[PDB]
Each structure stands twice: as C-alpha cells, then as structure tokens.
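Chemist: Sharing a structure, written as structure tokens. Questions coming.
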Amino acid sequence: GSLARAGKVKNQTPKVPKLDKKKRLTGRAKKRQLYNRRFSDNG
Amino acid sequence: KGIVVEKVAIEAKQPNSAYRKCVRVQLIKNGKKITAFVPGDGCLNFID
Amino acid sequence: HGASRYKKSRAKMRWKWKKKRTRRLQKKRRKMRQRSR
Amino acid sequence: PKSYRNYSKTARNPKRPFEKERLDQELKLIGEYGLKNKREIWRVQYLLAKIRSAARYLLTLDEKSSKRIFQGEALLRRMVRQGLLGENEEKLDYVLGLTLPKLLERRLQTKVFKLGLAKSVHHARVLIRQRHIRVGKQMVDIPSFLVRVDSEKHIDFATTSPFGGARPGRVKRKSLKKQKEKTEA
RNA sequence: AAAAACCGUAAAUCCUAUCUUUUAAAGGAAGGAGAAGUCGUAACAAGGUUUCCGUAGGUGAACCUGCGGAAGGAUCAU
RNA sequence: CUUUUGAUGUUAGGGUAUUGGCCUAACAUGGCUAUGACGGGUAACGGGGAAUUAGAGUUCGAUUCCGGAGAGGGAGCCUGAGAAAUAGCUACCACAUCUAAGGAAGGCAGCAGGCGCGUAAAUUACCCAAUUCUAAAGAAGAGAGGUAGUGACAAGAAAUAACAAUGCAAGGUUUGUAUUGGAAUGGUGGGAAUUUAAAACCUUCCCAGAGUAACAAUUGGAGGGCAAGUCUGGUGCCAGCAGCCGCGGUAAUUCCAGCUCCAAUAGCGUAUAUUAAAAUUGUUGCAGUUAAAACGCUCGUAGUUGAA
C-alpha cells in the first residue's frame, strides 16, 4: 500500500473566499423575481 | 458502533484503476469483523 | 440448475464431464465419511 | 397517556418531482395568483381532488337514491356557500367541473386586490399579514382564509388600522418633526 | 402451643439421556475474486475427428473411448 | 400421535359454589390424523386499528381503550365477600444491604433519578385547582391525574418585503429591470389588563422599537434517469466522485474549487426496515416449442369440476 497520499488534491487546491455578493431574496420575492424573469420579458 | 483497528488499501474493478482507503472494524454489539470505506479524501488522517 | 442444463451457447465445459468429475468427488467424499464416522 | 386530539396531514406529495410541463404550468399559476410556495398549491390540489372523489362516489350511486340525494345535496350546498358553483350550475358534472383558478378566486389575497384596496397581489398579501383588514366585525390576517358569497359583501379595512382613522402615522417621524418645529418656534 | 406421623401440594440440588443455538480443531476437500503467472487446443466454422445426452472404464487438464439415443446438424430432397 | 404417570368413555363416589377424569375405585378400548394431528420456530400478548389503496390485496399492530398474564423464577399460604395479592406473608436459589459478627430486613416491569446495554429515549419540578376514586364521604389524601420543564418524534398556521419616481430593455404610452425615501408592520426590550392553585405562554393595549430592514435561510446538485454549465481556475489513473451507466493517462461538461443557476424550504440530506411501482407472486392478473419452466408414460384414491 501507499496510503500516504490521502487528501492530496484537497491540500494542493488553492483557497478562495465567497466574496460579498447580495443578500439572496427569500419568501415571495424570489418567486416573483423568477416569474417575471421567465415569462414577461422573454419573447 | 465499533473500534477501528488497522488500515489497509483495497483495489477496485479492472476497468477502474485506483486505490480505496478501507478500514477494518471490530464490532462491540456482536464481536465481528467488518470492512468499511471511509468517505472524503482527507478523512483517512482525520481518524484516530 | 435443473434438467435444462448444458445449452452450450455460453461456451462452457461439457456438462457430461462436469457430472463425471462431480460424481468422482462424491465417491471419494463418501469414502472419507465412511472412514471417519 | 397520549392526548386525545386527532391530527392529520393536509398537503400530499405530488411524486415525480421533475416533469417540465407540470412544473412550468405550476410556474404560470403561481405567477398568476401570487402565492408563496408550492406546498400551498399542493394542498389546494388535495382539497380539489377530495371534492372530485366525493363527486365520483356520489355519481356512482343510482337515481332516487337516499345516500346520493343526501350527501350530494350537502356537498353542492357547501360548494354554493363557498361560491364555487353559480346559480346556473346545478348538476354533479358541473360540480366535477371545478378548476384551480376557480378555487383560488376565493382566497383573501386574491379577493382584496380584485375588489381594490391594494396595488399589487403581493402588496395585498403583505397588507393581510400586517393586519389592516376586517371581514366585517372581525379582523383576520391569514391569507389562506376562504370567504363566502355573502361574506364578500362587507369586506373592508380594519377598524384599528392607521389608514382607517386610528393613530395617524409614523410616531418617530412626526415626533422628530414636532420637536424641530417646537424648538424652532 | 411447641413437637410427630400421614396420604397431598411441591420448592431447590445432582445424576442420566435427548433436543435446540453459537464456537474450537491438526489436516482434507470445494467455490469465488484478484493480478500482464504456468501447461495445453477442449468449445464457437465441416473449429479442423460434427456437436450434444444417458451410462461404464481410462488419461496431467481441457478430455477420450465403448454401447443406445437426439438434431439444438453439416441433410427438410429418386 | 395419545393411552402403566387419565389417554377416551360408562358406573358409583370424594371434592368444589355449581358440572366435569378435577380427582378416587372398578369396568370398557378407545380418541385425533395430507380438510396437515402430534411436533419445531416465531428478533409472536390478542382485537377493534395503522401504512399504502383505481379495486383487489401486502405489511406494522408494546403502544390513549377492551380483554389476558406478571411483579426475579418456580412453589405454598392466612386474612378478607372478592388475592393463590407481592408498596400480604412463608420457603429455595441467584443477587444484595445493615451488622457491636450475636443477628435483622429486600424487591423501581409505580412517579422521578443512578448503573449496565446499545444508535437510541425527558425533571430526584408544582399541585390535587380540572376529571374521578376511597372512607366514619363538603373542609382529608390521590406520582390515578392536570400544569410546569426538555423536546427539528411527527402535524398545522405564517415573516425574511411591498409601494412612488428617474435611467435600461421589451412594446405601442404597458411590464420587469440600479439609483433615490418616505409610509407600514412584525422580530425584540420593557410595562400593563386578562389568565392560571401559583407561575409561565397565547390573547389586547402603551413606550421604546427596521435600510446593507447587519433583525441575512440553507441542504443537495448542475453528463444521462434529472429540473438546471463543452462557465472559469487547480489535479492528471492520483486524489477521487459515482444509488446504475459510468468520468479521471494535459480543454476533466462527472474529482478539489470561484461564479451562475437549479429542486426544496424552516427544511433537506444518510441508512436500514416497508409499501406502491410489481400485470417480477399475478383470484379478477403472470409464464411454460426455442428466454427460467408440462413429471418417461399410463392406471389410480383423497380433492376438484360434471348431459339434458
């Protein structure tokens, strides 16, 4: 066996945060956004 | 629940070509041997 | 399995010789059991 | 030991979670009627399906049958009280002819914005949540409420809502303004 | 009343045999999986001796022969 | 199979509250059985019920209640109408306590909690205020029980915005799409009425109380089943992922990552059990020449169907 390579890709992969971005909408806001995005504007 | 004992690599089917980090465990409920594959690439060292 | 054996499309051994060898094993196993018990 | 209170589910799982056509029709209806999530439309499906099952089990009975002429008259009377089926609709096939928009027309959030009051469907929804309405003599705040045909006649604002003559407006804004005016005077 | 016997209920201990369930055991004999290991041409074509079956014997192994069958045959046929 | 040790029955008797092989004596040789007895297993208390249903069915049923059994496991027994009672007694073993060592007393499978087991399960709280019980029956008890506590076992309701301008696109002056900015309410802190045996929670009201409403919602994926990326970085048969097929040897659409997006939503994954899918247990509803499958052939009793 050569079990001394576990997690090699995990260790060698670089590191990035998830930036700032916007507070993702919840409740009815996301559904309304999706509906208006997918029916009214498109044609 | 069981007790980890030793670490031995296990091979795979012929079309595949890789190694699997499988660990043998001695159960306390019955007192038998089992072999279990550890998930996660770095979790092999994450266990005592 | 059952009596619908052989059907050699699988390209296996000859079932007749398979049975012959199995019967020889049966015979020597019976000899061993008679000697032991 | 156990408490003697019954309890049961309301919404059934649709199964087959990824049909494109059914999912997109659900999208069209959710956009049309401005509800909050798929579970609500699922429970409405449950109610409509139960009504249809009752209609089928009553239609399978014969003519001049006591069970039909009792249970069916009860069910049609309840549907009429709900306002789902009009005066010209009187038969069991017409009872079966229910549809999702027909059932959703009765909800509070649809009714209030259909009759006026609010500017958006979701505006009406949030207003119902903020409890500025009254069904007449009683204030409600649950959008899943179902009104009746005679219950619609006297729907209006709440009595204690600031729009309706209560405490006028922003206490913080008004109080800062009066402090500023008093200090400047 | 202690105390005693009697048919009786019968606790509990041991012996005996049986049954049920897991487990040891020198060696023996199978199966499976693995990996480019070793020996052969057995089978799929008329597979280079048509194939297969039932049975008896023999060979290092795939196998072979003898007897009676089948075509799932290589023939639907002077 | 049962029948010396009552098996089946007759006669007579003892016994019990009544009857009876319940038991006693005599006499008889009988009773059950492929319509599966006697046996063995059941990680088996039975039922109305629960899960799933097109309808048939299959599976779980300790579990609110009815009935049965038990209080370590057998045995026995008094009192009492009624107990073979166990928070009544006696005796054995296995445990185990106190012990001045001579001797005593024990049963949490009652309400709490401890050990052990295992993945697995809540406070040594309050009170008989509600129900209903006991008695010498209003004023006393009731871990029956109600309340409080822990509680993402499950189930139901519903926040995490909406709205007016401007600019953008799309269109004939309508929708969504970042700027401005004020109205509106929950969340929360507090104070109160009511509430309750007390206290709490809800309910209603009054002060404070939202702009990045810092008062923020995530789990799992994005090759096919399967809805959603040959988008961009790192690795290069390794690490790995993958329910199945499968991808990875320099463009990795499948691995480790960032963006975007997706299904679900205060919920979703993991595993085992289980049902439907299963018309792959098929009575309505399977198949049998060649895929799995009509016994070598016939007679034949039980069973099964049978002219008019």
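Each chain in the structure tokens gets a letter, A, B and so on, in the order shown; residues start at 1 in every chain, and ligands are counted from 1 in the order they appear.
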Just want the 8 Å neighbourhood of residue 17 (chain A), counted on only C-alpha atoms (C1' of nucleotides), with same-chain residues fewer than 2 positions away dropped. Output as a ChimeraX atom specification.

Modeler: /A:15,19 /F:258

Chemist: Excluding same-chain residues fewer than 3 positions from residue 38 (chain A), what lies within 12 Å of it counting only C-alpha atoms (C1' of nucleotides), as a list in words?

Modeler: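 Counting only C-alpha atoms (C1' of nucleotides), the residues come to residues 31, 32, 33, 34, 35, 41, 42 and 43 of chain A; 24, 27, 28 and 31 of chain D; 176 of chain F.
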
Chemist: Within 12 Å of region 32-46 of chain B, counting only C-alpha atoms (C1' of nucleotides), which residues qualify if same-chain residues fewer than 6 places away don't, as a PDB file with C-alpha atoms (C1' of nucleotides), in the first residue's frame?

Modeler:
ATOM      1  CA  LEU A   3      -1.718   5.309   1.781  1.00  0.00           C
ATOM      2  CA  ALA A   4       0.383   8.463   2.269  1.00  0.00           C
ATOM      3  CA  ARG A   5      -1.441  10.471  -0.422  1.00  0.00           C
ATOM      4  CA  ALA A   6      -4.927  10.899   1.069  1.00  0.00           C
ATOM      5  CA  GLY A   7      -6.399  14.357   0.548  1.00  0.00           C
ATOM      6  CA  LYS A   8      -3.630  15.312  -1.877  1.00  0.00           C
ATOM      7  CA  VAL A   9      -5.899  17.240  -4.247  1.00  0.00           C
ATOM      8  CA  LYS A  10      -7.625  18.901  -1.289  1.00  0.00           C
ATOM      9  CA  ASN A  11      -4.294  20.060   0.122  1.00  0.00           C
ATOM     10  CA  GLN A  12      -2.926  21.290  -3.215  1.00  0.00           C
TER      11      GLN A  12
ATOM     12  CA  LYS B   1     -20.508   1.393  16.834  1.00  0.00           C
ATOM     13  CA  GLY B   2     -17.139  -0.295  16.520  1.00  0.00           C
ATOM     14  CA  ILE B   3     -13.416   0.103  17.089  1.00  0.00           C
ATOM     15  CA  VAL B   4     -11.016   0.977  14.275  1.00  0.00           C
ATOM     16  CA  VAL B   5      -8.098  -1.449  14.251  1.00  0.00           C
ATOM     17  CA  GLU B   6      -5.869  -1.247  11.165  1.00  0.00           C
ATOM     18  CA  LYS B   7      -5.587   0.440   7.767  1.00  0.00           C
ATOM     19  CA  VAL B   8      -5.185  -1.494   4.502  1.00  0.00           C
ATOM     20  CA  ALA B   9      -5.722  -0.308   0.934  1.00  0.00           C
ATOM     21  CA  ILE B  10      -8.198  -2.164  -1.282  1.00  0.00           C
ATOM     22  CA  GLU B  11      -8.078  -2.316  -5.075  1.00  0.00           C
ATOM     23  CA  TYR B  19      -6.998   2.661  -4.582  1.00  0.00           C
ATOM     24  CA  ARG B  20      -9.648   2.773  -1.856  1.00  0.00           C
ATOM     25  CA  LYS B  21      -8.865   3.574   1.774  1.00  0.00           C
ATOM     26  CA  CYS B  22     -10.788   0.840   3.583  1.00  0.00           C
ATOM     27  CA  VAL B  23     -10.609   0.288   7.336  1.00  0.00           C
ATOM     28  CA  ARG B  24     -11.427  -2.867   9.281  1.00  0.00           C
ATOM     29  CA  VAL B  25     -13.605  -2.525  12.375  1.00  0.00           C
ATOM     30  CA  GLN B  26     -14.313  -4.877  15.288  1.00  0.00           C
TER      31      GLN B  26
ATOM     32  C1'   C F 238      -3.624  10.100  -8.243  1.00  0.00           C
ATOM     33  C1'   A F 239      -6.606  12.209  -5.018  1.00  0.00           C
ATOM     34  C1'   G F 240     -11.252  10.976  -6.023  1.00  0.00           C
ATOM     35  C1'   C F 241     -16.684  11.015  -7.394  1.00  0.00           C
ATOM     36  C1'   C F 255     -12.627  14.936  -8.906  1.00  0.00           C
ATOM     37  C1'   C F 256     -10.821  19.772  -5.223  1.00  0.00           C
TER      38        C F 256
END

Chemist: Run DSSP on the backbone and tell me which residues of chain A come out as helix (DSSP H, G or I); list them as a CSV table (one decimal) with C-alpha atoms, in the first residue's frame.

Modeler:
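Wrote result14.csv, looks like this:
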chain,number,residue,atom,x,y,z
A,8,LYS,CA,-3.6,15.3,-1.9
A,9,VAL,CA,-5.9,17.2,-4.2
A,10,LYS,CA,-7.6,18.9,-1.3
A,11,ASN,CA,-4.3,20.1,0.1
A,12,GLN,CA,-2.9,21.3,-3.2
A,27,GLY,CA,-40.2,34.4,0.7
A,28,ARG,CA,-42.3,35.5,-2.2
A,29,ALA,CA,-39.6,37.8,-3.5
A,30,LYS,CA,-37.6,35.0,-5.2
A,31,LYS,CA,-40.7,33.5,-6.7
A,32,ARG,CA,-41.9,36.9,-8.1
A,33,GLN,CA,-38.4,37.6,-9.4
A,34,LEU,CA,-38.2,34.2,-11.2
A,35,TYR,CA,-41.7,34.5,-12.6
A,36,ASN,CA,-41.2,38.0,-14.1
A,37,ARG,CA,-37.8,36.9,-15.3
A,38,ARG,CA,-39.2,33.8,-17.1
A,39,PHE,CA,-42.5,35.0,-18.6
A,40,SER,CA,-42.9,38.7,-19.1

Chemist: Which residues are near residue 2 (chain C)? Cut-off 12 Å, only C-alpha atoms (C1' of nucleotides), ignore same chain within fewer than 3 positions. Put them as a list in words.

Modeler: residues 5 and 6 of chain C; 292 and 293 of chain F

Chemist: Could you name the residues that touch residue 121 (chain D) at 7 Å or less, counting only C-alpha atoms (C1' of nucleotides), but leaving out those on the same chain fewer than 5 positions away, as a VMD selection string?

Modeler: chain D and resid 34 109 to 110 113

Chemist: Specify as a ChimeraX atom specification all residues of chain F found within 7 Å of chain D, counting only C-alpha atoms (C1' of nucleotides).

Modeler: /F:64,155,162,185,226-227
